[PDB]
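1. Here we go, the starting part of the complex in its complex frame:
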Amino acid sequence: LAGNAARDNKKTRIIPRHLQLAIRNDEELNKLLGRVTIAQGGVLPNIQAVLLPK
Amino acid sequence: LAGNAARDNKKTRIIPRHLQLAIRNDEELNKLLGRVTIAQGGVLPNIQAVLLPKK
Amino acid sequence: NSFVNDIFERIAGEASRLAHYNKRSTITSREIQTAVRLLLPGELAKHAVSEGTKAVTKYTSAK
Amino acid sequence: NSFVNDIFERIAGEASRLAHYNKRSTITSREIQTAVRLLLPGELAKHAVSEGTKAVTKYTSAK
Amino acid sequence: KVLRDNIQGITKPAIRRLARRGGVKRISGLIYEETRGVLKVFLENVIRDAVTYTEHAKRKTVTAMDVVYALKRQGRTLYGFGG
Amino acid sequence: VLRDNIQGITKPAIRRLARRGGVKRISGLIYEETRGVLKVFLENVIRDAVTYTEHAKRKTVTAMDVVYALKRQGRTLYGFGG
Amino acid sequence: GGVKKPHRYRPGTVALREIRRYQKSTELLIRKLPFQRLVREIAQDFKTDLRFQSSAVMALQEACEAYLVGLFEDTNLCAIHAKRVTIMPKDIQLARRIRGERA
Amino acid sequence: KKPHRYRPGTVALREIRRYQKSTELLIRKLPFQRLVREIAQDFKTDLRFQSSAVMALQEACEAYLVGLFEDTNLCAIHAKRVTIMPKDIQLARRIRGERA
């Protein structure tokens, strides 16, 4: 999954963000690591609907 | 603290409620057993202020 | 590296407890397997059990 | 009985880790003490440390 | 060998009683069915792990200790039924 | 200036953090509240970290001291020698 | 109105009385048999022909009621936080989301 | 007569998208470092820190606050606001079991 996230960013090498994207976008991996912080991973793009312009 | 909670309720013998009142009314014990359930213990009397009759 | 160590410790810890609860001195492939069912979410557990079972079988045939 | 077994497991387990982290085969009174400091809240830890130290001191002198 | 949706045996009054103990004064009609779902999920998760401990011990009878080990796993430690 | 390095946690840094958590609009009373919370967080984590340091008989706090502290606090951290 | 003579209590008065009653007591609030059937029914989905220690069913009920009583406390706060006195499914859902029980 | 001005909330959203897209630390490193050393003082004097201990602490803190803001936000929206207030944070931490 991380190697896929890396190829989608046109990157040769996996970095912590590709690991974060891999994990948080997989319902089961996310659950397994629901209480784990991945250093240098940030968060999935997500904005509450009520906050958006329309 | 349980013995005292029993004495207040005019009881000789400690029961799970006495342990619960003891633990939940003590800042520190409450923190030590914050993720512990005491069978047959119940909860502390607590009614949020907004819910009481106004006047 | 963190991830492997994390899950190593989880499975090994549950396995340790499984054996302890059942008054066993030995952690076998069976304690590991139960530990895994308990610890991994549905699909992940099935695949993980499947791979673990496959690895042991292959190993015992190749002894 | 549940309470005693609970805090036995917590202290002992933390001590197991402390000795493991520092490459020590032996759980001493020092590991128990450090476990207690990590596990018990402020005032409870103070008394606990005090009663633990007393009891070791009084034990060692009584042989 | 009966199933027959025993979840309905978790009555409105019984749910009202639990909410009262929780300090709740007024309850939307929609709560009762929503609670039954929540209760089911809770039991599925606890019982799935209890029964795992049962099957591992090679028994056909779920013990208090299976539940107590199940609850401890689910970060819901229970005092006064062993361990 | 600053025996309170807590003020060095600037209003802007707090806004940025809040942004990454998808927060759009922020009461003035948040920045002081956030500092209050951040301190309790670091207090709890550093206390346990330093206990691990004292126990090892060291005068230097290590990444492993912090990692072990965070795990104890249920905030497991990957990437610092887990 | 007037000398209807039931002396009809205002809405919320008996509610408060029930709160004081049930916060005083520790006895289980779900009826034992219905709960015992539900436990057996859910256990069938995992394994067939399972027996339960009576203490195993009592431990599950103690665990359940404590969990729901605690979720109701948190639910009530979510309702009050939205300047309501009436709990609603979104209250429970917010509690459970913040608790990390639900995504 | 006046060239371009963005309406309140537009740049906010612009920042949300930018920071949700990045992974770099959002607290300045030295201020954070002094706070760590200042707080350490209260527990034991003349303490040294591996740089990776301070970097570990900042990662863990930032992660904790981002996550608390996500939960704070939902509490604000639940009360039909768009503005996070202290009581939102307080309620989140109450339900998270971090605070009495």
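-> Everything's here; your move. Numbers count the residues shown, from 1 in each chain, chains lettered A, B, ... in the order given.
2. what sits against the residue in chain A that chain B sits nearest to?
-> Using CB to the nearest CB, residue A:35 is the residue of chain A that sits closest to chain B, at 13.6 Å. The C-beta positions use only the backbone N, C-alpha and C, and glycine is treated the same way. By CB atoms under 8 Å, 6 or more residues apart in numbering or on different chains, the residues touching residue A:35 are F:74-76, G:100.
3. Around the closest residue to chain F within chain E, how many other residues sit close by?
-> Closest approach between chain E and chain F, counting by CB to the nearest CB: residue E:75, at 9.1 Å. Neighbour count for residue E:75, taken as other CB atoms under 10 Å in any protein chain shown: 9.
4. Over to residue G:35?
-> Neighbours around residue G:35, by other CB under 10 Å: 23.
5. Confirm residue A:11 sits in a helix?
-> No - going by DSSP: H, G, I helix; E, B strand; the rest coil, the assignment for residue A:11 is coil, not a helix.
6. and it, what does it touch?
-> residue A:18.
7. Next up, the contacts around residue 34.
-> Just so you know, I chose chain A. residue G:100.
8. could you do chain E instead?
-> Applying CB under 8 Å, 6+ apart, the residues near residue E:34 are G:89, G:92.
9. circling back to that earlier point, what sits closest to the residue of chain E closest to chain F if chain neighbours are left out?
-> residue B:35 (6.0 Å; CB to CB, 6 or more residues apart in numbering or on different chains).
10. number of nearby residues for the residue of chain G found nearest chain D?
-> In chain G, the residue that lies nearest chain D is residue G:59 (11.3 Å; CB to the nearest CB). For residue G:59, the neighbour count with other CB under 10 Å is 29.
11. ok, now residue A:9?
-> The burial count for residue A:9: 10, using other CB under 10 Å.
12. same deal with the one 5 residues further on?
-> Here the count is done by other CB under 10 Å, and residue A:14 has 15 residues near it.
13. how much space between it and residue H:93?
-> 35 Å (CB to CB, to the nearest Å).
14. Does the residue of chain G closest to chain D touch residue E:68 like I think?
-> Yes - Residue G:59 is within contact range of residue E:68, at 6.2 Å (criterion: CB atoms under 8 Å).
15. Also, this goes in as DNA strand I:
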DNA sequence: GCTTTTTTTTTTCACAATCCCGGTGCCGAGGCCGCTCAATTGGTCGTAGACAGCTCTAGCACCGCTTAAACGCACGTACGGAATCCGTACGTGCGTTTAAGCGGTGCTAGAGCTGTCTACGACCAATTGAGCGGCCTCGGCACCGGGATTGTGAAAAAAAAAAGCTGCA
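-> So that you can see how it sits with the rest, here is DNA strand I on the chains above:
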């Protein structure tokens, strides 16, 4: 200041619910008993780790440039929240229906204990190759500039629903 009204008081009475007692009776806390098995005693033997002594890692202090970020201030929009208002969802109470709870019995699956026996894992010494640190290299990737393009919203200009007003009859 005056009446003349609404709004907020207070007071008084009926009634339901809760509280507190002593009486009664049941059963489990409490303590005693006798046997057992786990804690103690005194013994050996081996190694974990306390300690001293040395190495050199990396943590600290300091210095001097270059900005990027922090700061503070003006200005106004859109949000929070107060106030108003209306429909009915929910709480209360009643009569009717249901099945939990109770105490008891009858049957046996299977929990759990014992005894037997051997397959399997701990422990060890000899062998050796996987994986470690150290080291060198060379291409990924961060960063840069120059355009074109498409997201993301802000005016501006018209359209529409709303609000004034007014003179009529």
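16. Revisit the neighbour count of residue G:59 given that DNA strand I is now included?
-> Neighbour number of residue G:59 under other CB under 10 Å is 29.
17. Please, which helix or strand holds the nearest residue to residue G:30 once chain neighbours are set aside?
-> Leaving aside its sequence neighbours, residue G:30 sits nearest to residue E:14 (CB to CB, 6+ apart; 4.9 Å). Using DSSP states H and E, residue E:14 maps to helix E:12-21.
18. chain center to that helix, what's the gap?
-> Taking CA atoms, centre = their mean, to the nearest Å, one finds helix E:12-21 lying 15 Å from the centre of the chain it belongs to.
19. got it, and stretch E:55-74?
-> 14 Å.
20. hang on, the earlier thing: name the helices or strands packed onto the helix holding residue E:14?
-> strand E:26-27, helix E:31-56, helix G:13-24, helix G:54-81 (3 or more CB pairs under 8 Å, 6 or more residues apart in numbering or on different chains; DSSP states H and E).
21. Quick check: the gap between the residue of chain C with the smallest separation from chain F and chain G.
-> Closest residue of chain C to chain F, CB to the nearest CB: residue C:2 (2.8 Å). Residue C:2 is 20 Å from chain G, where distance means CB to the nearest CB, to the nearest Å.
22. Which residue is the nearest non-sequential neighbour of the closest residue to chain F within chain G?
-> Nearest residue of chain G to chain F (CB to the nearest CB) works out as residue G:100 at 10.5 Å. Using CB to CB, 6+ apart and skipping the chain neighbours, the partner closest in space to residue G:100 is residue A:34 (6.4 Å).
23. Find the centremost residue of chain A, please.
-> residue A:21 (2.0 Å; CA atoms, centre = their mean).
24. Report the separation between that residue and chain F.
-> 15 Å.
25. Correct me if wrong: that residue contacts residue A:4.
-> No - counting by CB under 8 Å, residue A:21 does not reach residue A:4; the two are 9.0 Å apart.
26. What's the nearest residue in chain C when you look at chain D?
-> For chain C, CB to the nearest CB, closest residue to chain D: residue C:13, 9.5 Å.
27. cool, and chain E?
-> Closest point on chain E to chain D, by CB to the nearest CB, is residue E:79, at 3.7 Å.
28. include DNA strand J too:
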DNA sequence: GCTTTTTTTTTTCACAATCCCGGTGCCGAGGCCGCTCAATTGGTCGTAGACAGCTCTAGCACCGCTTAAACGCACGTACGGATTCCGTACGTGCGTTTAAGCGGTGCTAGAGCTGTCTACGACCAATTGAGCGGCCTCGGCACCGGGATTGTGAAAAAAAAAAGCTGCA
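-> Placing DNA strand J onto the earlier chains gives this:
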């Protein structure tokens, strides 16, 4: 109905953010090379636990009675939520100020490793008393009924703050 206004609507223009070209240079991923060790091999020895065989605990099913609890409906109040409306707390953008970040140097605390040696903890066999299960008792405590007490709610009766009126300084 008229004129007049606010509210919402669209249209038209500005401005980041991204993507596609061009390129450069730094530093750490990657891979190779000695060679430290821990994994492997083949051996012995001891005991964990698989299995069979037996005991008997407690889990399951069933029945029928009483009555507490659940059910469903009637009724209306107080609650939720929509709408309206006003004040200003925040967001935006600008110029000014600050100190973070960088890259380097210089010093040395103290991390961390080795070698030595012995205090301490494992292991064992013999001893024995603490703590086990089993059993009996008797006083706390659960339950009950009766009476005292406390709190609620409705209406009526008083007290208060508010409304339209009206003259003199």
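29. Please reconsider the neighbour count of residue A:14 now that DNA strand J is part of the model.
-> 15.
30. Quick one: residues contacting it.
-> A:2-3, A:5-6.
31. Pick out the residue of chain E closest to chain A.
-> For chain E, CB to the nearest CB, closest residue to chain A: residue E:75, 9.9 Å.
32. count of neighbours near residue 41?
-> You didn't say which chain, so I picked chain A. 23.
33. you looked at the wrong chain, it should be chain G
-> Neighbour tally, residue G:41, other CB under 10 Å: 18.
34. Tell me the spacing between it and DNA strand I.
-> Going from residue G:41 to DNA strand I by CB to the nearest atom of the strand, to the nearest Å gives 13 Å.
35. Hmm, residue E:9 and that residue touching each other?
-> No - contact criterion CB under 8 Å: residue G:41 and residue E:9 do not qualify, at 9.6 Å.
36. which residues does residue G:68 contact?
-> E:15, E:18, E:22, E:35, E:38-39, E:42.
37. let's see 10 Å
-> E:10, E:14-15, E:18-19, E:21-22, E:35, E:38-39, E:42, G:29-30, G:75, G:92 (CB atoms under 10 Å, 6 or more residues apart in numbering or on different chains).
38. what's the distance between it and chain H?
-> 15 Å.
39. coming back round to it: which of the contacts of residue A:14 are buried?
-> Using 16 or more other CB atoms under 10 Å in any protein chain shown as the burial test, the contacts of residue A:14 include A:2, A:5-6 as buried.
40. Which member of the residues you listed is positioned nearest chain C?
-> Using CB to the nearest CB, the buried ones among the contacts of residue A:14 come closest to chain C at residue A:2, 10.9 Å.
41. For the residue nearest the centre of chain E, list the residues it contacts.
-> Centroid-nearest residue in chain E: residue E:43, 3.7 Å away (criterion: CA atoms, centre = their mean). Residue E:43 makes contact with E:7, E:50, G:35, G:38-39, G:41-43, G:60-61, G:63-64, G:67, according to CB under 10 Å, 6+ apart.
42. rerun that using 6 Å as the cut-off
-> residue G:42 (CB atoms under 6 Å, 6 or more residues apart in numbering or on different chains).
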